[PDB]
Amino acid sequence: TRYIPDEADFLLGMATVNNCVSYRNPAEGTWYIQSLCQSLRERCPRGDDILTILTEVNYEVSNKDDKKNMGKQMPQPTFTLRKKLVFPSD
């Protein structure tokens, strides 16, 4: 038969790069998850793939700020995906 690596086909979406905080608004949810869900709901019907969606989450979260501590947040996906990943709405 054909063989692929044991660790193939994973996508890990982290809310932040290492060493840093990520943000949660008690009244709205987290910057990462809320952005993720908005982008999925908008773009999955358009047939966009998950890496493209996650790039948009990077862009959106990168524009947010914490004006108390002058903080930012940088999400970071990592992947061993071997094909395009789409979640068709149909």
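In case it trips you up, residue 1 is the first one in the sequence shown, and so on. Under this definition, the rigid core comprises the largest set of C-alpha atoms superposing within 1.5 Å between the forms.
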Subject >> Greater root mean square CA deviation, 79-87 compared with 1-9 in 7 other deposited structures of this protein, core aligned >> reply: 1-9
Subject >> Stretch with the higher entry mean CA B-factor, where the candidates are 22-30 and 44-52 >> reply: 44-52
**OP:** Output the stretch having the higher mean C-alpha B factor in the entry; the candidates are 81-89 and 4-12.
**Re:** 81-89
**OP:** Sorting the chain's modelled residues by C-alpha B-factor, tell me whether residue 70 ends up in the lowest, middle or highest third.
**Re:** highest
